[PDB]
Each structure stands twice: as structure tokens, then as C-alpha cells.
Amino acid sequence: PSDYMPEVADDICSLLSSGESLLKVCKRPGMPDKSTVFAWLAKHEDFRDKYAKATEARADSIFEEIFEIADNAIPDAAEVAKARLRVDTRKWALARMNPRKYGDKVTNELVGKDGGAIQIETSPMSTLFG
Amino acid sequence: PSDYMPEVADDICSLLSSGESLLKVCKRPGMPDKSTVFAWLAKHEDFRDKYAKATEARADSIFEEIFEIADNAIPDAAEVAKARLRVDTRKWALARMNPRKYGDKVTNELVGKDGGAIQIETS
Amino acid sequence: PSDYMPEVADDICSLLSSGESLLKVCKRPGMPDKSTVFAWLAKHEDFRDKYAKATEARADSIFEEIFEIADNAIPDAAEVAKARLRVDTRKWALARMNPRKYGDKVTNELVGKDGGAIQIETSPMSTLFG
Amino acid sequence: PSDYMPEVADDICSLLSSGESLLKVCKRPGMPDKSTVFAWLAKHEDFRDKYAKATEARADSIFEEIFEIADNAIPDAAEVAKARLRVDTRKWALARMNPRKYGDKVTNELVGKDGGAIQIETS
Amino acid sequence: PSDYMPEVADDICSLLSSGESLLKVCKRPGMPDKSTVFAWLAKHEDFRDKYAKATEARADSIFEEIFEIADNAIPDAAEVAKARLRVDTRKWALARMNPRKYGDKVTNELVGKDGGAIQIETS
Amino acid sequence: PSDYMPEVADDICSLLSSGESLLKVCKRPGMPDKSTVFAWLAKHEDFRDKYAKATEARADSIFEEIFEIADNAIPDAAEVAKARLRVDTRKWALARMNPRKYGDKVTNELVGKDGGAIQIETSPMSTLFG
Amino acid sequence: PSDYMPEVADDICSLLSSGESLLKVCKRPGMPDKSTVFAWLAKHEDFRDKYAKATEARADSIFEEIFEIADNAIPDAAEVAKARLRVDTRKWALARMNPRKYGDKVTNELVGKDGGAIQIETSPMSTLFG
Amino acid sequence: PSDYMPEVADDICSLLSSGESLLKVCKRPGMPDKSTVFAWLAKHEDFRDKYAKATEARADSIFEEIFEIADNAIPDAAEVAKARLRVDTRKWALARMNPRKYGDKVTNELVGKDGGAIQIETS
């Protein structure tokens, strides 16, 4: 399939939503190749909008999946290394799929010299940087 | 079972709140599948909230789990590597489940050049 | 035991204070299961307050323990890897139990372009972000 | 083939935009070598732009590739190490190809001493 | 021995101040157990302070210890891994015992877009 | 060759531009040693300017090369470790050759206490830090 | 030796200045034990001042030493691991001995939303944080 | 040879400036030992400066060395580990020899809650 087919695009969104990766989806019977999916995306705003929603749902599904990949790892050195790689790749991807939810979280307690106030001295410009 | 139904959603929460993961909750008979749970959440703000607090309770349970996974690890190379992966995955997840509580903690002492005041020039 | 029992809650606080983990405490004779402890926490402010104090003390105990875990590690590859995991898990946990005391510590010397003053240029808003 | 020629440059872009890397594009018959592609870009701002969007499309393709590399890795020590290197290299590259999209994501909660207000003294 | 007693607390400090850890101090005859030492500290601000300076002295001793642990490590895989764990644990601990002295050190050169001035818009 | 030779300097710039390292270039027939190249740089602004341009081009070439080094790694433990080292060294170098293009990229969402506004309290100086 | 001896303290400063560690120095013939050195430090400002100077010099010596430890490492797995540990320990220590010289170095290019200006909105306090 | 002497110090600089390390420079006949070189620097500001530029030239040489160490590493486990240590040590050192040039490079896009403006309240 090369021509845009909304029924197929809808199915793609559903599968992605459930956690499946695009390349894996594109290997299913009657699915377009990844290049074609990207081509559809580029020219159909209805697909793009639903695909963005599916990406959010996809991330929520993957967040649950990482526990299973780790917990069910076959206790063999190479198998554990692969499980680790699969989990690390997902962790990285999740932060990009939904940065607000899955990005890193840090609380910075900001203090100044010797634990006192932050000391700031302002001066007029000394070079032409405007 | 696909139709959004309170009490059932209320059930799932109490389940997660007791430390149970979403997968296990959904593998129970009469329980909606993962996708259905998400669909619900997405279209109901009330469920989003109650689920959120269950998620914070789940985090508190996982926090204690990591000590046990580490301390009880089998002293075999692959098993220790697996335990480390299980712990690392939980640590990462906890920060997302309750960022204010389980996020990273840094104290930054901010000083200026040579430990003097921070020098700023403005236009 | 399912019903809240202050004598038992007090004992829990004492054991945690000494460095023992909750799941380990809950395996002792006559202790409630972890779910029950969390249930007690949720509905009894007297327990919650004493449990928070116990968590602070727990962290101070663990801070001493990490030296022992490392120093006494059996010099076998797997045993050292486990000791490392036990220590790393505690280090991570300590920062969350008492962020002010056990969080990361950084001193940032802040300077500007070419080691001079930090150069700032202010402008009126160019888009509607208010 | 060294002379800057639109349509050919337009071709390369569509090629990269479909996920193909620069090396492969340049190994095709009638295709300028790497150096020539760069020379072009450097002296033509129009090509720099179209190439930039092709680069963002290429990033989107690589983003999906990393899942497959990880999930389909052969369960052998050296092969898993190789797969990890392939993935790590792509992750690093993606942030440079589209920094706004694939860069690191952090939420910093900024507070002052003891969780009070941030204290500043100015001269 | 549970009753808070100066001179005994004064003793512990001088002990820690000479590089000795709390465990060893508490394993001595007539010495309060760990819990008792903490109880004391918690309810006495004077002890909290003297203990704090002993802790800074202890840090200075540990700082020199890490060189010896590294340099004298037995050239065997597991022993080197153990030495690395001993050193890493001490490095992490030192930053907490004296954050101003043993915390991380960074110099950040702050510049704006393209190395120009930092651009800010305010409402 | 010790005396500055523009034809040779031009060749050096071309080879570097294509991704080759300086020490490797300096092993080619009739090339000056690295010390000599640095000596030429120090005293000839025409060379320095063209060398800086070549460094930018060099980085763009290396950015493509890292994919090949990883993808074509011989699946042997030591060979993969070497490929990793070669890639890591290039990643580090690229950020210094063109910091704007190849430096790290972070988006920091800045918030204040409890996810509200960042709370700032200003006070008059309490010590003489001016 | 327990009593403070300036001649011995001077020697200590010289040895440290050259890169030697304190515990190693204290094993030399006729040297005080480390506890004694710290005791001397505590009560003699002349020693403390010269010891601080020696620490700066010590760091400069170690900075050169790390190259040698790495370059001369015996090509055996355990020996390389030990060399790495020796180098890593020194790197960490150097930043604390002279933070200005040997601390981490970062250049942060600060930009705002979508690569434009940093957008700041100020508001009156909404809670009592003063 | 302990007495501070220009031309000799000038010599050392040209030596370092050509990529040679301080150890090798000091192992040459008629060359002051390490300690003497430092003593000099400490008490002479002129030498501190000339040495500083030699140090920046030395950094530029080491920068090219790291490519060769990596690319020419012997494909044996311990040798690759050694090469990695040699490279890592040089990378770390370079940032200290010329921080503006070889320090870390980050671009931070600073935004506020939910990608809106950065919200500040002042007292």
C-alpha cells in the first residue's frame, strides 16, 4: 500500500498506542513500510494529530513494559545484557515521547557562598555585547 | 469490558495503591485490558486524579522493594546483574511516579569568579 | 494483625530507626505485612509523624552501614557486585530519605564570556507568552 | 561530479529524508562524494536549509530503528555489546540532528536554603 | 549505657576526630550503642555541634585513606573491584561529611545564543 | 619539510576536511611532522584561517563516520570495545571542534517550590563582597 | 614523635609537595603517625599555612603523575583496572585540592523557548515565603 | 640545578609547547627536577604566563594524540582497556589545560512550567 488509507492509519495508531514499535507494526500483514507511513504523516494532518496522541499512549504502555522486561530477564549474562539494553533504550525514548511526564526530575536547593545568600554584583557593560 | 465504570476504576486504584502493578491488575478476570484502563483515564479527569494518588502509593511500596531486591540477590554473576537491572529500573520509575519525593536531590552552592560575588553586566 | 496497634507501630519505628528495611521488619514474628503498615500510616497521624522521625534516623544508620558493606565484601566477583548493588541502592535511598543532608553537593563557580562578567541583554517580549 | 546542481541536491535530501544515510547516498552512481556534498552545503544557503529538514526526517527514522536494534539483538555477549554501541551512537546523534526534539529533558524544581525562598543579596 | 553523658560524648568525638568510625567507637566496652549515640545527638544541640566537627575531622582522615586503598590494592580482579567499591563509597560519603570542602567542583562559563549575550525577555 | 609550504598546507586542510586525523595525515609521503604543522600554524594566519575551516568540515565528516564504526564492528569482545573507544573519542572531540553544533543538548523546564513559581527573596548585602 | 617538631613538619610539607600521599609519608623512618600530623595541624597555624601551600603543590605533581600511571599500566586486566582506580582517585582528589584549577569545566550556551530569548514572567508572591 | 634561570625556563616551555610532557623535560640532563620547575613558577609570574601558553600548545598536541591512541589500539581486551584509560586521562586533563577550548559544551534551552514562560515571584 502506497496510497493513504485512513483505515490502515487508524490501525497503526491503535497498535502503537498499545506499546508496539513502528518498525514492528510495519511487518504485520498488509501494513505499509515505514517510509510510506512517514510519507502519509507528512501530508495528512488528520493522521499526524492521531499519531501524536498514539505516541503519548505508546509511552504510557512502555512505562509499564520496562518492569516486565527487567523482572522476567533470563538469568544468563548475555540475556541480562540484552534486557538492560532494551530497558535503557525505552527509558531514553520515553523522555522524548513525553518530556513533561518522563523527563528527568531534579530538585536543586540553591544557596550562596558558605551557605549564605547568593551574592550578585552588577556592573555596567565593559564591552560592546549588545 | 470496555465501558468506563467507577468502582471498577476505584478497584484498580486500591489495587495499585497496595503495591500491585497495572499488568497484574489487568490480568485478573473481569478486569479491563491495559488499553481500556488508559482510554478511561484519558477521557475522565476524575479517574486521572485517583489513579495519580494510587501511583504515589505504588511508588512508596516499590521504594521498600528495592532494598529487598538488592539485599536478597543471589550471589551469582547473572543474577546480580539481573537484580541490578530490576533495581535501576525501579529507581528510574520512582522519580517519574513521584517527582517531588523521588527525584534527584542536589544542593548547588553558587559563587562567582574566584569565589567572589557573581559578576553580571546588563545592557 | 490488621487492626492498628500502637505498641506494634512503636516497635516498627524503633527497628526502622536502627537501619532495618520495612519489608525485613515485616517478616519478624507478629509483625503486620507491609500493606497493613501502609494502611496504618494512611489513617493514623500519630504513626505517620513517628514514622517520619524514624525515617530520618534510619538514614543516619544506613550512612554508617555502607562503609561496612564495602569494607567487608567477600573478594569474589559476584559477591563484590552484590555489595556494590547494596551500597548503590542505599546511596540513592539516603538522598530521598533526607535530601538536605544526603543529596548531592556541588559548588558552581559562575562566570561569563571569556571568564569575564556574565553578559545579559534584556528586551521587551517579542511574542505573547504572558 | 563536483559542480553544485539542484535537483541532484534535491535528490539527496529526499533520500536522507527517507532514512538513508549520507554514505549510502554518496556511494550511488552519479552521486557526488561526501566532500562535494559538504562543499555544496557550505557555499549554498538554500541547500543548507533543505538538507536540514531532511536531517530532521532522517532523525525520525533512526528513532524507530533504535527499538529494532535493541529488541532484535542476538543474545550473545559481543553481539549485545555491538547492538548497545549502535544504539548509543544513534541516541547521541539524534540529539544533534534535532536538538529541540531529541535533546535531554530535565525538570528542575528550584528552591532556596532549607526549601525556603531562594535568597539573593545584590550590591 | 543509655543516659546522655558529656565527657563520654566528648570521648566519642575525639575518637571520630582521630579517624575512627562510629561502629568501632560503639563496639568498645562501656560505649553506648549506635541508637543511643543518635538519640543523644537528636535531643542535645551541643553534642550535635561537637559531633559535626569530629565528622569534619573524620572526613579529612578518610580523604588520605582513599589514596592508600587505591595504591595498595591487590592486583586481582575481585580485589580491585572491592577496592574501587571502598573508594567510591568513601568519595560519596566525604561530600556529605563536609560539603563545602569535598563536594563536586564545577566552573560554568555562562553565555548566550551563539556565544553572544544571554537574551532575556520579561513581561 | 620544515619551511612553510602553502601547497602542502592546502593539502593538509583538504585531508583533514575529509575526516582524517592530523597525526595520520603527517604519516603520508612528503608531509611535515605534527610539530612542524603546529609551527606553521603559529606563524601563518592564512594557514590558521583555512585550518579552522578544515576543522569544521572535519567534524561533519566524523559525524557520519561514527555510524559506520559502530555498525561495521567485528562481533568480537575486544573489537567491539575498540570500536566503542573509537566512537567515544570522536563524540568527545566533535563537541570541541564545533560546540554549537555538536555540544550536548538539554531542555530544562524550570519550576519552583511544589511546582509553583520560583520563589526569590532579595536582601541588602550582609557582608562586604563588592 | 608526638611533640610538635617544625623540622619534621617542614619535611612533611616537602614530601607532600612532590606528590606523595600523607599516609605514605607517615610510614617513612622517624615520621609521626597520621593522627599526630592532624593533631599538629590543629594547634599550629605556621604548619597549617605551609601545609595548605604544600597541598597546592601536591596537586600540581599529581596532575603530571596521572599520565604516567595510565601510559605505563601493565597490559593485564587486573593491573589496568588498578591503574584506572589509581587515576580516578587522583582525578577526584585534584578537584578538591585546587577547585579553581582542577574542577570540572563547562560552557553553557543559555537560550530560551524554541531557541529564542529566555522568557520570564514575574508575579507578586502568592504565598507567604518571606 | 635549582636557581631560577630564564632561557632554561624558556627552553622548557618550547619543549612542552612542542608536545613534550614535564616529566620527560625534567629527565633531560641539566634540567631542573619537577619540584624545581614548580618552585620557579610559584615565585615568578613571568614564567607562570609563558608556561601557561606552552600548556595550551601541549593541549593542542594531546588533542591529536587521542585519535591515534584510540584508532591504533591493539585489539586485545587489556590493551583496549589500557588505551581507553590513556584516552580518558587525556580528555580529562585537556579540559584543565585549556578550559575555554576543551571544557564540556552544553546548550540549555530554558523554559518554564509546561513549556510556558519561566514563572518567578519576588518578595
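To be clear, the structure that these remarks concern was listed above.
Residues numbered from 1 in each chain as written, not as in the entry; some residues may be left out. Chains lettered and ligands numbered in written order. Heavy atoms only, no water.

*Asks:* Looking at this model, I keep getting lost on the overall build of chain B. Mind explaining?
*Replies:* Broken down by element type, chain B carries 6 helices and 2 strands. Going from N to C terminus, chain B has its helices and strands arranged as α-α-α-α-α-α-β-β. Rg of the C-alpha trace for chain B: 21 Å, well past the compact-globule value of 14 Å for 123 residues, more than 25% over. Referenced to the eigenvectors of the C-alpha coordinate spread, the extents of chain B come out at roughly 65 × 50 × 20 Å. Burial statistics for chain B: of 123 residues in total, 53% are counted as buried. For chain B, contacts bridging at least 24 residues in sequence account for 57% of all contacts bridging at least 6. Carbon and sulfur atoms make up 50% of the accessible area of chain B, which totals about 5400 Å². Positive and negative side-chain charges in chain B, numbering 19 and 22 respectively, have mean positions lying 3 Å apart. (Helix = DSSP H or I, 4+ residues; strand = E, 2+ residues; numbered from the N terminus. Rg over C-alpha atoms; globule rule 2.2 N^0.38 Å. Buried < 20%, exposed > 50% of the residue type's maximum accessible area, 1.4 Å probe, protein only. Contact = heavy atoms within 4.5 Å. Areas by Shrake-Rupley, 256 points an atom, 1.4 Å probe, with all protein chains shown as cover. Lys, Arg positive; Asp, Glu negative; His and termini not counted. Charge placed at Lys NZ, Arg CZ, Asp CG, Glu CD.)

*Asks:* Honestly, helix α4 (residues 45-71) of chain F in this entry has me stumped. Any pointers?
*Replies:* Each turn of an α-helix holds 3.6 residues, which means side chains three or four residues apart point in the same direction. Relative to the 39 Å expected for 27 residues at 1.5 Å per residue, α4(F) spans 40 Å between its end C-alpha atoms, a close match to the ideal helical length. Of all the bends in α4(F), the largest measures some 25 degrees and sits at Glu64(F). (Expected span 1.5 Å × (residues − 1). Bend = angle between axes of the 7 residues up to and from the residue.)

*Asks:* What am I meant to see in the interface of chain B and chain C here?
*Replies:* A common way to state how big an interface is: give the accessible area lost once the parts meet. Facing 44 residues of chain B, the contacting portion of chain C comprises 40 residues. Carbon and sulfur atoms supply 58% of the area buried between chain B and chain C, which totals about 3600 Å² over both sides. When the buried surface of chain B facing chain C is broken down by residue, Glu64(B), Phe67(B) and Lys105(B) rank first, second and third, together holding 18% of it. Run the count over chain B and chain C and you get 5 salt bridges. The tally of links from chain B across to chain C stands at 26 residue pairs in polar contact. Secondary structure elements with two or more residues in the side of chain B that touches chain C: α4 (45-71), α5 (77-97), α6 (99-102), β1 (104-111) and β2 (118-122) of chain B. Residue contributions to the side of chain B that touches chain C peak at 10 residues, all from α4(B). Here β2(B) pairs with strand β2 (residues 118-124) of chain C via 3 bridges, running parallel. Each residue of the ladder has a partner; that of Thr122(B), found in β2(C), is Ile120(C). (Buried area = accessible area lost by both parts, 1.4 Å probe. Salt bridge = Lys/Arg side-chain N within 4 Å of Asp/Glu carboxyl O. Polar contact = N/O pair within 3.5 Å; in protein donor to acceptor, adjacent residues only side chain to side chain. Pairing = 2+ DSSP bridges.)

*Asks:* Just checking my understanding: could you explain the sheet that holds strand β1 (residues 104-111) of chain F for this structure?
*Replies:* The strands that make up a sheet pair up through hydrogen bonds in the backbone, lying either parallel or antiparallel. Ordered in space as β1(A)-β1(B)-β1(C)-β1(E)-β1(G)-β1(H)-β1(F)-β1(D), the 8 strands form a closed barrel in which the pairing is parallel. In this sheet, adjacent strand axes meet at a mean angle of 35 degrees when their direction is disregarded. Pairing analysis gives 6 bridges linking strand β1 (residues 104-111) of chain E to strand β1 (residues 104-111) of chain G, with the strands arranged parallel. Following the sheet pairing, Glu109(E) is matched in β1(G) by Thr107(G). (Axes fitted to C-alpha atoms, helices over the stretch in contact; angles between N-to-C directions.)

*Asks:* Explain the arrangement of the chains to me, please; I cannot follow it from the model alone.
*Replies:* These two, chain D and chain E, are apart from each other, with no contact and a minimum C-alpha gap of 14 Å. Separating chain B from chain H is a minimum C-alpha gap of 14 Å, and the two share no contact.

*Asks:* Would you mind showing me how to read the side chain of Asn108(A) here?
*Replies:* Along the chain, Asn108(A) turns up in strand β1 (residues 104-111). Ignoring anything within four residues of it in the chain, the contact list for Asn108(A) reads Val106(B), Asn108(B), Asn108(D), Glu109(D), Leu110(D) and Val111(D).

*Asks:* Teacher, can you tell me more about the interface of chain B and chain A here?
*Replies:* Across the boundary between the two partners, chain B contributes 42 residues, which contact 48 residues of chain A. With both sides pooled, the region where chain B packs onto chain A buries about 3800 Å², and carbon together with sulfur makes up 57% of that total. The largest contributions to the chain B side of the interface with chain A come from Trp92(B), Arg96(B) and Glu121(B), which together make up 17% of the buried area. Along the contact surface separating chain B from chain A lie 4 salt bridges. The shortest N-O distance in the salt bridge between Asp71(A) and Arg86(B) comes to 2.8 Å. For the side of chain B that touches chain A, the secondary structure elements donating two or more residues are α2 (22-26), α3 (34-43), α4, α5, β1 and β2 of chain B. Tallying contributions element by element places α5(B) first for the side of chain B that touches chain A, with 14 residues. Of the residues that constitute the side of chain B that touches chain A, the class distribution is 19 nonpolar, 11 polar and 12 charged. For strand β2 (residues 118-124) of chain A and β2(B), the ladder comprises 5 bridges, and the chain directions are parallel. (Nonpolar A, V, L, I, M, F, W, Y, C, P; charged D, E, K, R; others polar.)

*Asks:* Would you mind going over the packing of aromatic side chains with me for this structure?
*Replies:* Centre-to-centre distance and the angle between the planes together describe a pair of aromatic rings. Enumeration according to the criterion identifies 56 aromatic pairs over all chains in this entry. Here the aromatic rings of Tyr4(A) and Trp40(A) are separated by 5.5 Å at their centres, their planes lie at 80 degrees, and the arrangement is edge-to-face. With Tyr4(A) in the segment before α1 (6-17) and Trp40(A) in helix α3 (residues 34-43), this residue pair connects regions lying 36 residues apart in the sequence. On the numbers, 5.9 Å between centres and 70 degrees between planes, the contact of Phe47(B) with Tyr51(B) is edge-to-face. In this pair, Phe47(B) and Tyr51(B) both sit in helix α4, 4 residues apart, roughly one turn of the helix. We classify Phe47(B) as buried; its relative accessible area is 0%. The positively charged end of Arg58(A) is found above the aromatic ring belonging to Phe67(D), 4.7 Å away from the centroid. (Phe/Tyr/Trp six-rings, centres within 6.5 Å; stacked < 30°, edge-to-face > 60°. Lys NZ or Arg CZ within 6 Å of the ring centre and 35° of its normal.)

*Asks:* Please explain the packing of helix α5 (residues 77-97) of chain F against helix α4 (residues 45-71) of chain H as it appears in this structure.
*Replies:* Contact geometry of α5(F) with α4(H) gives a least axis separation of 9 Å together with a crossing angle of 160 degrees. It follows from the interaxial angle that α5(F) and α4(H) lie roughly antiparallel. Note on packing geometry: the crossing formed by α5(F) with α4(H) is left-handed. In this structure, α5(F) contributes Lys82(F), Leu85(F), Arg86(F), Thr89(F), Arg90(F), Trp92(F), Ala93(F) and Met97(F) to the contact, and α4(H) contributes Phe63(H), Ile66(H), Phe67(H), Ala70(H) and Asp71(H). Residue composition of the contact of α5(F) with α4(H), grouped by class: 8 nonpolar, 1 polar and 4 charged. (Parallel < 35°, antiparallel > 145°, perpendicular 65-115°, else oblique. Left-handed = near helix turned anticlockwise from the far one by under 90°.)

*Asks:* Is there a simple way to think about the sheet that holds strand β2 (residues 118-122) of chain D in this case?
*Replies:* Here we have 8 strands rolled up into a closed barrel, ordered β2(A)-β2(B)-β2(C)-β2(E)-β2(G)-β2(H)-β2(F)-β2(D), and parallel in their pairing. Averaged over all pairs of adjacent strands, the angle between their axes in this sheet comes to 35 degrees, without regard to strand direction.

*Asks:* Looking at this structure, how should I read the environment of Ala42(F)?
*Replies:* Residue and element names in this part refer to chain F. Within the secondary structure layout, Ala42 lies in helix α3 (residues 34-43). The exposed category is assigned to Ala42, whose relative accessible area is 54%. The sequence separation of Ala42 and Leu16 amounts to 26 residues, and the corresponding C-alpha distance is 18 Å.

*Asks:* Explain the side chain of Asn98(F) to me, please; I cannot follow it from the model alone.
*Replies:* In this structure, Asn98(F) sits in the loop between α5 and α6 (99-102). For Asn98(F), a relative accessible area of 15% corresponds to the buried category.

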